[PDB]
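Engineer: My structure is stored as coords.cif, with mmCIF, C-alpha atoms and all ligand atoms.
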```cif
data_structure
#
loop_
_atom_site.label_atom_id
_atom_site.label_comp_id
_atom_site.auth_asym_id
_atom_site.auth_seq_id
_atom_site.Cartn_x
_atom_site.Cartn_y
_atom_site.Cartn_z
CA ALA A 2 23.20 0.61 0.03
CA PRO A 3 21.39 3.92 0.71
CA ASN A 4 22.64 6.34 3.37
CA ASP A 5 19.37 6.57 5.31
CA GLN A 6 19.69 6.59 9.09
CA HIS A 7 17.36 3.64 9.75
CA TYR A 8 17.77 1.65 6.52
CA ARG A 9 19.51 -1.17 8.45
CA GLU A 10 16.26 -1.75 10.39
CA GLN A 11 14.37 -2.37 7.16
CA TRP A 12 15.25 -6.11 7.07
CA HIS A 13 12.26 -6.51 4.78
CA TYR A 14 14.19 -4.84 1.91
CA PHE A 15 17.43 -6.80 2.02
CA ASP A 16 17.54 -9.74 4.45
CA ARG A 17 16.81 -13.50 3.92
CA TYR A 18 13.00 -13.27 3.73
CA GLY A 19 13.01 -9.66 2.44
CA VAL A 20 12.19 -8.56 -1.11
CA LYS A 21 15.73 -8.06 -2.42
CA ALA A 22 15.07 -4.40 -3.34
CA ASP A 23 18.78 -3.67 -2.67
CA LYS A 24 19.84 -6.02 -5.50
CA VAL A 25 17.69 -4.05 -7.96
CA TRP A 26 18.99 -0.67 -6.78
CA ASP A 27 22.47 -2.11 -7.58
CA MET A 28 21.28 -2.72 -11.16
CA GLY A 29 20.35 0.99 -11.35
CA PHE A 30 16.57 0.59 -11.20
CA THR A 31 14.55 2.47 -8.61
CA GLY A 32 11.12 2.90 -10.24
CA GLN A 33 12.27 6.01 -12.19
CA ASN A 34 9.38 7.91 -13.83
CA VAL A 35 6.78 5.36 -12.59
CA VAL A 36 3.72 6.60 -10.71
CA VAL A 37 2.16 4.51 -7.93
CA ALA A 38 -1.22 5.53 -6.51
CA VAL A 39 -2.01 4.88 -2.80
CA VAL A 40 -5.72 4.62 -2.00
CA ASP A 41 -5.66 5.02 1.73
CA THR A 42 -5.93 7.50 4.66
CA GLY A 43 -4.13 10.29 2.79
CA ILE A 44 -0.65 11.68 3.25
CA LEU A 45 1.46 13.50 5.85
CA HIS A 46 3.72 16.46 5.03
CA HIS A 47 6.63 14.35 6.23
CA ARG A 48 10.19 15.38 5.44
CA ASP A 49 10.99 11.81 4.39
CA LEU A 50 7.96 11.70 1.99
CA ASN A 51 7.47 15.19 0.49
CA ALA A 52 9.94 15.01 -2.40
CA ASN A 53 8.44 11.73 -3.71
CA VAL A 54 4.79 12.65 -3.23
CA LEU A 55 2.80 14.28 -6.03
CA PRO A 56 -0.42 16.13 -5.30
CA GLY A 57 -3.29 13.64 -5.11
CA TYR A 58 -6.99 14.06 -4.38
CA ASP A 59 -9.35 13.61 -1.42
CA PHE A 60 -12.30 11.37 -2.34
CA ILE A 61 -13.91 11.29 1.12
CA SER A 62 -17.50 12.47 0.63
CA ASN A 63 -18.68 12.68 4.27
CA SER A 64 -17.13 15.44 6.43
CA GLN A 65 -17.73 13.32 9.57
CA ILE A 66 -15.19 10.86 8.10
CA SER A 67 -12.82 13.33 6.40
CA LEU A 68 -12.45 15.63 9.43
CA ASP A 69 -11.52 18.49 7.07
CA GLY A 70 -14.88 20.32 6.97
CA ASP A 71 -16.06 19.36 3.48
CA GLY A 72 -16.56 16.57 0.93
CA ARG A 73 -14.29 15.78 -1.98
CA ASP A 74 -11.43 18.26 -2.29
CA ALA A 75 -7.99 18.75 -3.81
CA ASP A 76 -6.01 18.19 -0.58
CA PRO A 77 -5.44 14.55 0.42
CA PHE A 78 -3.80 15.48 3.73
CA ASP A 79 -4.36 12.79 6.37
CA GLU A 80 -6.18 14.80 9.06
CA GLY A 81 -5.76 11.84 11.45
CA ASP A 82 -8.35 9.08 11.91
CA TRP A 83 -8.24 9.03 15.74
CA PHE A 84 -11.47 8.55 17.70
CA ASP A 85 -12.81 8.00 21.21
CA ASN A 86 -16.02 6.98 22.99
CA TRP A 87 -16.70 4.25 20.39
CA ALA A 88 -17.17 6.85 17.63
CA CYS A 89 -16.66 3.98 15.11
CA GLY A 90 -19.16 1.61 16.75
CA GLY A 91 -19.01 -1.51 18.87
CA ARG A 92 -19.75 0.00 22.33
CA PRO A 93 -18.94 -1.35 24.95
CA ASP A 94 -16.23 -3.59 23.45
CA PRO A 95 -13.01 -2.52 25.27
CA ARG A 96 -10.95 -2.96 22.07
CA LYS A 97 -13.15 -0.58 20.08
CA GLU A 98 -13.44 2.30 22.53
CA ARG A 99 -10.70 4.50 21.08
CA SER A 100 -7.81 4.61 18.66
CA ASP A 101 -4.83 6.81 18.02
CA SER A 102 -4.39 8.21 14.52
CA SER A 103 -3.04 5.48 12.26
CA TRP A 104 -1.16 7.61 9.70
CA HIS A 105 -1.74 4.36 7.74
CA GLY A 106 -1.51 5.94 4.24
CA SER A 107 1.89 7.48 5.06
CA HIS A 108 3.35 4.23 6.43
CA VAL A 109 2.15 2.54 3.24
CA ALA A 110 3.41 5.38 1.00
CA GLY A 111 6.86 5.27 2.66
CA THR A 112 7.26 1.57 1.88
CA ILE A 113 6.71 2.33 -1.76
CA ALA A 114 8.79 5.51 -2.09
CA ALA A 115 10.14 7.11 1.10
CA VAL A 116 12.78 9.63 0.07
CA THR A 117 16.03 7.65 -0.02
CA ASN A 118 19.71 8.65 0.14
CA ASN A 119 18.69 11.88 1.96
CA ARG A 120 20.39 10.84 5.26
CA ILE A 121 17.25 11.00 7.42
CA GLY A 122 14.74 8.30 8.24
CA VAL A 123 14.14 5.35 6.01
CA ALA A 124 14.28 4.09 2.41
CA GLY A 125 11.54 3.17 -0.07
CA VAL A 126 11.33 0.07 -2.29
CA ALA A 127 10.83 2.22 -5.43
CA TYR A 128 12.48 5.44 -4.29
CA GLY A 129 12.77 6.76 -7.87
CA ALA A 130 8.98 6.47 -8.31
CA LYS A 131 6.41 9.07 -7.28
CA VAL A 132 3.34 8.42 -5.15
CA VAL A 133 -0.10 9.89 -5.78
CA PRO A 134 -2.13 9.85 -2.53
CA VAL A 135 -5.80 9.08 -3.12
CA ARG A 136 -7.46 9.79 0.22
CA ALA A 137 -10.55 7.63 0.67
CA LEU A 138 -10.29 6.63 4.32
CA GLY A 139 -10.75 8.75 7.44
CA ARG A 140 -12.35 8.34 10.84
CA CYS A 141 -14.03 4.88 10.82
CA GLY A 142 -12.64 3.93 7.39
CA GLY A 143 -14.29 4.91 4.11
CA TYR A 144 -17.21 4.47 1.72
CA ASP A 145 -16.90 1.70 -0.87
CA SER A 146 -18.05 4.28 -3.48
CA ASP A 147 -15.27 6.74 -2.49
CA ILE A 148 -12.66 3.95 -2.68
CA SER A 149 -13.94 2.80 -6.10
CA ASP A 150 -14.16 6.32 -7.56
CA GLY A 151 -10.67 7.05 -6.19
CA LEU A 152 -9.08 3.90 -7.63
CA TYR A 153 -10.64 4.70 -11.01
CA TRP A 154 -9.30 8.27 -10.97
CA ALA A 155 -5.94 6.85 -9.84
CA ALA A 156 -5.76 4.85 -13.10
CA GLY A 157 -6.67 7.78 -15.35
CA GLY A 158 -10.45 7.70 -15.26
CA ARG A 159 -12.38 10.97 -15.25
CA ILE A 160 -14.75 11.65 -12.33
CA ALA A 161 -17.25 14.49 -12.85
CA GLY A 162 -16.37 17.55 -10.73
CA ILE A 163 -12.74 16.45 -10.26
CA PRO A 164 -9.76 17.47 -12.44
CA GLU A 165 -8.30 14.96 -14.91
CA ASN A 166 -5.46 13.07 -13.27
CA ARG A 167 -2.24 14.43 -14.82
CA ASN A 168 -0.31 11.51 -13.30
CA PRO A 169 -2.31 8.32 -13.80
CA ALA A 170 -0.68 5.37 -12.09
CA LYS A 171 0.58 2.06 -13.52
CA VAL A 172 0.29 0.48 -10.05
CA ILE A 173 -2.56 1.15 -7.60
CA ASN A 174 -1.96 0.15 -4.01
CA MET A 175 -5.01 -0.71 -1.91
CA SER A 176 -4.06 -1.58 1.67
CA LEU A 177 -7.67 -1.81 2.71
CA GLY A 178 -10.75 -4.01 2.63
CA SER A 179 -13.52 -5.64 4.66
CA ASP A 180 -15.64 -8.79 4.94
CA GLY A 181 -17.88 -9.74 2.04
CA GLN A 182 -17.92 -10.30 -1.68
CA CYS A 183 -16.62 -7.75 -4.20
CA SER A 184 -19.52 -5.36 -5.01
CA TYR A 185 -20.69 -4.80 -8.59
CA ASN A 186 -19.48 -1.19 -8.32
CA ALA A 187 -16.02 -2.13 -6.94
CA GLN A 188 -15.57 -4.88 -9.56
CA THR A 189 -16.64 -2.54 -12.34
CA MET A 190 -14.16 0.18 -11.34
CA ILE A 191 -11.35 -2.35 -10.85
CA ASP A 192 -12.05 -3.70 -14.34
CA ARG A 193 -12.01 -0.18 -15.78
CA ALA A 194 -8.71 0.60 -14.05
CA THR A 195 -7.30 -2.68 -15.35
CA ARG A 196 -8.39 -1.83 -18.91
CA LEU A 197 -6.55 1.52 -18.55
CA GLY A 198 -3.43 -0.56 -17.86
CA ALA A 199 -3.18 -0.36 -14.04
CA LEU A 200 -2.26 -3.28 -11.80
CA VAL A 201 -4.47 -3.14 -8.69
CA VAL A 202 -2.45 -4.52 -5.78
CA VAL A 203 -4.49 -5.32 -2.67
CA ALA A 204 -4.16 -6.59 0.91
CA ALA A 205 -5.40 -10.11 1.69
CA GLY A 206 -6.76 -8.93 5.06
CA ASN A 207 -5.96 -9.64 8.69
CA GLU A 208 -8.49 -11.95 10.36
CA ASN A 209 -6.66 -15.27 9.97
CA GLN A 210 -9.46 -16.29 7.57
CA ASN A 211 -9.90 -17.22 3.95
CA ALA A 212 -9.18 -14.08 1.92
CA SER A 213 -11.90 -15.15 -0.56
CA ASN A 214 -14.42 -14.10 2.14
CA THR A 215 -13.20 -10.50 1.81
CA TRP A 216 -12.82 -7.72 -0.73
CA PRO A 217 -10.90 -6.62 -2.70
CA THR A 218 -9.30 -10.10 -2.75
CA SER A 219 -12.53 -11.70 -4.00
CA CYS A 220 -12.53 -9.28 -6.99
CA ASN A 221 -11.25 -10.35 -10.39
CA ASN A 222 -8.26 -8.42 -11.75
CA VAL A 223 -6.45 -7.76 -8.48
CA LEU A 224 -3.17 -9.05 -7.09
CA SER A 225 -3.79 -10.07 -3.47
CA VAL A 226 -0.91 -10.00 -1.03
CA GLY A 227 -0.52 -12.11 2.12
CA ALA A 228 1.86 -11.31 4.97
CA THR A 229 5.01 -13.10 6.00
CA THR A 230 7.40 -12.54 8.94
CA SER A 231 11.15 -12.03 9.21
CA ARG A 232 11.32 -15.84 9.71
CA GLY A 233 9.68 -16.51 6.31
CA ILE A 234 6.43 -18.02 7.55
CA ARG A 235 2.83 -16.75 7.53
CA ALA A 236 2.14 -13.86 9.93
CA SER A 237 -0.45 -15.15 12.44
CA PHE A 238 -3.16 -12.68 11.34
CA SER A 239 -2.70 -13.04 7.57
CA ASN A 240 -5.66 -14.11 5.48
CA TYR A 241 -4.95 -17.01 3.16
CA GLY A 242 -6.19 -19.35 0.45
CA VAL A 243 -6.28 -19.82 -3.30
CA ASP A 244 -7.05 -16.15 -4.05
CA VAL A 245 -3.89 -14.94 -2.31
CA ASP A 246 -1.46 -14.45 -5.20
CA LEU A 247 1.82 -14.11 -3.29
CA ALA A 248 3.20 -12.82 0.00
CA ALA A 249 5.52 -10.08 1.23
CA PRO A 250 6.99 -8.91 4.57
CA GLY A 251 4.07 -7.81 6.74
CA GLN A 252 5.30 -7.86 10.35
CA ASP A 253 7.75 -5.36 11.92
CA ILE A 254 7.74 -3.15 8.83
CA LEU A 255 9.50 0.16 9.53
CA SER A 256 8.13 3.23 7.71
CA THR A 257 7.05 6.88 7.88
CA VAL A 258 4.34 8.13 10.28
CA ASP A 259 3.72 11.03 12.71
CA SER A 260 4.23 10.89 16.48
CA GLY A 261 0.85 12.59 17.07
CA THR A 262 -1.88 10.53 18.72
CA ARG A 263 -4.57 12.78 17.22
CA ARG A 264 -3.39 15.67 15.03
CA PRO A 265 0.12 15.71 13.43
CA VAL A 266 2.88 16.70 15.91
CA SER A 267 6.22 15.65 14.35
CA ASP A 268 7.68 13.40 11.65
CA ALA A 269 8.31 9.93 13.01
CA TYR A 270 8.99 6.30 12.04
CA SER A 271 7.25 3.22 13.40
CA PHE A 272 7.00 -0.52 12.99
CA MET A 273 3.63 -1.84 11.86
CA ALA A 274 2.24 -5.27 11.11
CA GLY A 275 -0.47 -6.15 8.60
CA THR A 276 -1.20 -7.27 5.07
CA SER A 277 -1.47 -3.46 4.61
CA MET A 278 2.35 -3.39 5.03
CA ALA A 279 2.99 -6.37 2.72
CA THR A 280 0.94 -4.82 -0.08
CA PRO A 281 3.19 -1.76 -0.69
CA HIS A 282 6.25 -4.05 -0.89
CA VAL A 283 4.55 -5.64 -3.90
CA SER A 284 3.45 -2.26 -5.31
CA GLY A 285 7.05 -1.01 -4.94
CA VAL A 286 8.49 -4.11 -6.63
CA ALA A 287 5.92 -3.66 -9.42
CA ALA A 288 7.24 -0.10 -9.96
CA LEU A 289 10.84 -1.38 -10.00
CA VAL A 290 9.79 -3.93 -12.64
CA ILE A 291 8.11 -1.26 -14.80
CA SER A 292 11.23 0.98 -14.66
CA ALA A 293 13.30 -2.02 -15.88
CA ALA A 294 10.77 -2.90 -18.61
CA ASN A 295 10.70 0.78 -19.68
CA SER A 296 14.49 0.67 -20.21
CA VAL A 297 14.18 -2.17 -22.75
CA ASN A 298 11.09 -0.67 -24.41
CA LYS A 299 8.79 -3.42 -23.07
CA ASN A 300 5.10 -2.97 -22.29
CA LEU A 301 3.49 -5.03 -19.52
CA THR A 302 -0.28 -5.39 -19.23
CA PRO A 303 -1.59 -5.76 -15.65
CA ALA A 304 -1.97 -9.53 -16.19
CA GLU A 305 1.62 -9.77 -17.51
CA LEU A 306 3.04 -7.71 -14.64
CA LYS A 307 1.14 -9.86 -12.13
CA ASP A 308 2.51 -13.00 -13.79
CA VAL A 309 6.07 -11.60 -13.59
CA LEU A 310 5.61 -10.93 -9.86
CA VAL A 311 3.93 -14.25 -9.00
CA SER A 312 6.21 -16.55 -11.03
CA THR A 313 9.50 -15.04 -9.71
CA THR A 314 8.85 -15.24 -5.95
CA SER A 315 11.33 -16.67 -3.45
CA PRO A 316 10.48 -19.68 -1.25
CA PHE A 317 8.88 -19.72 2.17
CA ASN A 318 10.78 -21.00 5.21
CA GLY A 319 9.75 -24.66 5.16
CA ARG A 320 6.08 -25.63 5.23
CA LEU A 321 3.40 -23.03 5.79
CA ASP A 322 0.03 -23.87 7.42
CA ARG A 323 -2.11 -22.32 4.66
CA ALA A 324 -1.96 -21.50 0.94
CA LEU A 325 -0.34 -18.04 0.69
CA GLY A 326 0.39 -17.57 -2.98
CA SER A 327 3.54 -18.63 -4.78
CA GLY A 328 6.17 -17.31 -2.35
CA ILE A 329 7.67 -14.01 -1.19
CA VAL A 330 7.88 -11.18 -3.79
CA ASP A 331 11.45 -11.02 -5.13
CA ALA A 332 12.47 -7.81 -6.89
CA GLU A 333 15.80 -9.21 -8.10
CA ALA A 334 14.19 -12.20 -9.86
CA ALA A 335 11.27 -10.10 -11.17
CA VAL A 336 13.55 -7.40 -12.68
CA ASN A 337 15.99 -10.00 -14.08
CA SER A 338 12.99 -11.64 -15.79
CA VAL A 339 11.96 -8.52 -17.76
CA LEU A 340 15.54 -7.50 -18.60
CA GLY A 341 15.84 -10.85 -20.39
CA CA B 401 -12.91 17.18 2.32
CA CA B 402 -8.99 17.13 2.25
CA CA B 403 15.13 8.79 3.94
#
```
Show how you would write the structure in this file as structure tokens.

Structural biologist:
Amino acid sequence: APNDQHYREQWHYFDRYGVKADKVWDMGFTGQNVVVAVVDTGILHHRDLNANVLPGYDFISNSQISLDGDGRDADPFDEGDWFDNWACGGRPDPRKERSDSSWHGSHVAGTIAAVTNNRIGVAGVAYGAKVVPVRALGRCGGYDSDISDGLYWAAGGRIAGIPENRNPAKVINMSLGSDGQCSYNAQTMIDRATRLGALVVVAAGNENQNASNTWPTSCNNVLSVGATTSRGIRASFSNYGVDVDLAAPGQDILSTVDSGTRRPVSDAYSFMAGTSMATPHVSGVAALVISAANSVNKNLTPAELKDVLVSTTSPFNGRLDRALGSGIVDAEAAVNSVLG
């Protein structure tokens, strides 16, 4: 087990309905040399992230969303997506009036590869991997076109005006989405990333609805992740249905954030719930699998990697109320599969 101060609270890594990441670490696989891209709100300069974070890129085109004074730029720092006075619409709905900064991209990034065995804070599923933050979300979310350009760059695609990605990712985590069908542009970029070799791992969404009514789940060539609880059943908010590929822990997920309600104040750790939290468990396990496959000289296409993940899942706790993919992602079974 790692020495991290709050590892024991990360039930989702090691306990009954967790992802069995600990069993893979025991085999000596940690996602070594694998790059995972995180298309999200950007990254904090958090002491429990910095060593496992590579420089990424900020794809937010509108400065009113980016809150950093300009359009696309080389610094994917999460400025904080806080707002007040219904800046993101919906006035006068009391639930939409204001929000603290989410630090969503950092919570997600920490699940994949928080710095581990460094005494402080938490652990990451693939703590030998490196994360490339692709900032596409800010105040009020992000543009579909910024998300799709970012995911393409994440895979190794060239975007005019932006440097070539030196560290294209084998796994692209997208803990994001909204109502509606996959756009032509989103589908096209997902297909291009898939043809580069990247597995695009996406959140099923959080409206207790059919995930097929949302994107990116409704896209071809994605692996859609539903959310389960520490009791092994469907989290109440999790989207569901035939297009959910599998599930992962998505309620009371402890990871890396900032204590600041607006701007960054201090490195912190919080519990969050969402398919956004389940997704990076699957992205992390994918990176563990690739490190294992690398060791035996085995290539996995995105379709093959998805099939490894989906066919090796562990069972739910009795009957669920909805289709939620094949079971809970299981790193031990997935890695054992590719090692032969
Ligand atoms: Ca900017
Ligand atoms: Ca920036
Ligand atoms: Ca740590």

Engineer: Using only C-alpha atoms, list the residues that have an atom at most 8 Å from (-13.8, 17.6, -0.4), coordinates as in the file, as a list in words.

Structural biologist: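 Looking at atoms near the point gives residues 59, 60, 61, 62, 64, 69, 70, 71, 72, 73, 74, 75 and 76 of chain A.
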
Engineer: In Å, rounded to a single decimal, give me how far CA of residue 132 (chain A) is from CA of residue 56 (chain A).

Structural biologist: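 Going from CA of residue 56 (chain A) over to CA of residue 132 (chain A), I get 8.6 Å.
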
Engineer: Quick one: residues within 12 Å of residue 201 (chain A), all atoms listed in the file, excluding same-chain residues fewer than 6 positions away - as a PyMOL selection string?

Structural biologist: chain A and resi 37-40+149+152-153+155-156+170-177+187-188+190-195+217-218+220-226+280-281+283-284+287+302-304+306-307

Engineer: With only C-alpha atoms as the atoms that count, which of A:138, A:234, A:50, A:123 lies nearest to residue 17 (chain A)?

Structural biologist: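 Distance minimum relative to residue 17 (chain A) lands on A:234.
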
Engineer: Nearest to residue 117 (chain A): which of A:95, A:164, A:129, A:275 is it, counting all atoms listed in the file?

Structural biologist: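 The closest residue to residue 117 (chain A) is A:129.
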
Engineer: Enumerate residues in contact with ligand CA 403 (chain B): an atom-to-atom distance of at most 7 Å, counting all atoms listed in the file. Format the result as a PyMOL selection string.

Structural biologist: chain A and resi 5+49+115-124

Engineer: Considering all atoms listed in the file, can you say which of A:300, A:230, A:210, A:262 comes closest to residue 323 (chain A)?

Structural biologist: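 Checking each of A:300, A:230, A:210, A:262 against residue 323 (chain A), counting all atoms listed in the file, the winner is A:210.
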
Engineer: Counting all atoms listed in the file, which residues come within 10 Å of (-5.8, -18.6, 0.9), with the point read in the file's coordinates, and could you list them as a ChimeraX atom specification?

Structural biologist: /A:205,209-214,218,225,227,239-247,323-326

Engineer: Distance CA of residue 26 (chain A)-CA of residue 282 (chain A), one decimal place?

Structural biologist: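 Computing it gives 14.4 Å between the two atoms.
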
Engineer: Complete the atoms of region 211-233 of chain A to N, CA, C and O atoms and put them out as a CSV table (one decimal), in the coordinates of the input.

Structural biologist:
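Result file selection-v3.csv:
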```csv
chain,number,residue,atom,x,y,z
A,211,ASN,N,-10.0,-17.1,5.4
A,211,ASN,CA,-9.9,-17.2,4.0
A,211,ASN,C,-10.1,-15.9,3.3
A,211,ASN,O,-11.2,-15.3,3.4
A,212,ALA,N,-9.1,-15.4,2.6
A,212,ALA,CA,-9.2,-14.1,1.9
A,212,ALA,C,-10.3,-14.0,0.9
A,212,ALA,O,-10.7,-12.9,0.6
A,213,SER,N,-10.8,-15.1,0.4
A,213,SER,CA,-11.9,-15.2,-0.6
A,213,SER,C,-13.2,-14.7,0.1
A,213,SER,O,-14.2,-14.3,-0.7
A,214,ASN,N,-13.3,-14.7,1.4
A,214,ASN,CA,-14.4,-14.1,2.1
A,214,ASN,C,-14.4,-12.6,2.3
A,214,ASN,O,-15.2,-12.0,3.0
A,215,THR,N,-13.4,-11.9,1.7
A,215,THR,CA,-13.2,-10.5,1.8
A,215,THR,C,-13.0,-9.8,0.5
A,215,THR,O,-12.8,-10.5,-0.6
A,216,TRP,N,-13.1,-8.5,0.5
A,216,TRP,CA,-12.8,-7.7,-0.7
A,216,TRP,C,-11.7,-6.8,-0.3
A,216,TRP,O,-11.6,-6.4,0.8
A,217,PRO,N,-10.8,-6.4,-1.3
A,217,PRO,CA,-10.9,-6.6,-2.7
A,217,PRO,C,-10.4,-8.0,-3.2
A,217,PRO,O,-10.4,-8.2,-4.4
A,218,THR,N,-9.9,-8.8,-2.3
A,218,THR,CA,-9.3,-10.1,-2.8
A,218,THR,C,-10.3,-10.9,-3.6
A,218,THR,O,-9.8,-11.5,-4.6
A,219,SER,N,-11.5,-10.9,-3.2
A,219,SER,CA,-12.5,-11.7,-4.0
A,219,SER,C,-12.8,-11.1,-5.4
A,219,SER,O,-13.5,-11.7,-6.2
A,220,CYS,N,-12.3,-9.9,-5.6
A,220,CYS,CA,-12.5,-9.3,-7.0
A,220,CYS,C,-11.7,-10.0,-8.0
A,220,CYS,O,-10.6,-10.5,-7.7
A,221,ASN,N,-12.1,-10.0,-9.3
A,221,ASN,CA,-11.2,-10.4,-10.4
A,221,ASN,C,-10.3,-9.2,-10.7
A,221,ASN,O,-10.6,-8.0,-10.3
A,222,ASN,N,-9.2,-9.4,-11.3
A,222,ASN,CA,-8.3,-8.4,-11.8
A,222,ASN,C,-7.6,-7.6,-10.6
A,222,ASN,O,-7.3,-6.4,-10.8
A,223,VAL,N,-7.3,-8.3,-9.5
A,223,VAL,CA,-6.4,-7.8,-8.5
A,223,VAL,C,-5.3,-8.7,-8.2
A,223,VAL,O,-5.4,-9.9,-8.5
A,224,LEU,N,-4.3,-8.2,-7.6
A,224,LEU,CA,-3.2,-9.0,-7.1
A,224,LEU,C,-3.2,-9.0,-5.6
A,224,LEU,O,-2.9,-7.9,-5.0
A,225,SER,N,-3.6,-10.1,-4.9
A,225,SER,CA,-3.8,-10.1,-3.5
A,225,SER,C,-2.5,-10.5,-2.8
A,225,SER,O,-2.0,-11.6,-3.1
A,226,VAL,N,-2.2,-9.8,-1.7
A,226,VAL,CA,-0.9,-10.0,-1.0
A,226,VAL,C,-1.1,-10.5,0.4
A,226,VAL,O,-1.7,-9.8,1.2
A,227,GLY,N,-0.6,-11.6,0.7
A,227,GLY,CA,-0.5,-12.1,2.1
A,227,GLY,C,0.7,-11.6,2.9
A,227,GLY,O,1.6,-11.1,2.2
A,228,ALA,N,0.7,-11.8,4.2
A,228,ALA,CA,1.9,-11.3,5.0
A,228,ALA,C,2.7,-12.4,5.5
A,228,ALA,O,2.3,-13.4,6.1
A,229,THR,N,4.0,-12.2,5.4
A,229,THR,CA,5.0,-13.1,6.0
A,229,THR,C,5.8,-12.4,7.1
A,229,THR,O,5.8,-11.1,7.1
A,230,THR,N,6.5,-13.1,7.9
A,230,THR,CA,7.4,-12.5,8.9
A,230,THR,C,8.9,-12.6,8.6
A,230,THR,O,9.3,-13.2,7.5
A,231,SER,N,9.7,-12.0,9.4
A,231,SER,CA,11.2,-12.0,9.2
A,231,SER,C,11.7,-13.5,9.2
A,231,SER,O,12.9,-13.7,8.8
A,232,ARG,N,11.0,-14.4,9.7
A,232,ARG,CA,11.3,-15.8,9.7
A,232,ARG,C,10.8,-16.6,8.5
A,232,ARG,O,11.0,-17.8,8.4
A,233,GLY,N,10.1,-15.9,7.6
A,233,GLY,CA,9.7,-16.5,6.3
A,233,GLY,C,8.5,-17.4,6.4
A,233,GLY,O,8.2,-18.2,5.5
```
